[PDB]
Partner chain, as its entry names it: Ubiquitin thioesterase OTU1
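Before any questions on binding or motion, here is one chain by itself as structure tokens, the form solved without the partner chain.
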């Protein structure tokens, strides 16, 4: 299935994913397109922050769902 990710530029990309893919798997796909390391990635769906060990199906993310990418910087 296809989902969309709104990236750090505001641009929107399309990812080919499987329903049981983990959020970690999605983050690995996103780095390929955007150049943002998975560790610096936070993913938001329907306002909620997604957890790396959980899957798309866990959050009922279906085709044409849009995820929002937010930068996670630590420290400072």
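Under this definition, the rigid core comprises the largest set of C-alpha atoms superposing within 1.5 Å between the forms. Positions refer to the first chain, counted from 1.
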Practice task
Would you tell me which stretch averages the higher CA B-factor in the PDB entry, 47 to 55 or 32 to 40?
Solution key: 32 to 40
Fill in the blank from the handout: Per the PDB entry, mean CA B-factor is higher for 5 to 13 or 62 to 70, namely for 5 to 13
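Another form exists, solved in complex with the partner chain; not displayed. Remarks below refer to it.
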Practice task
Using the arrangement in the entry with it bound, list in sequence order the residues of 19 to 44 with any heavy atom within 4.5 angstroms of the partner chain.
Solution key: 35, 37, 40, 42, 44
Completion exercise
Across 9, 14, 66, 57, the single C-alpha shifting 2 angstroms or more between this form and the one not shown with the core held fixed is at 9
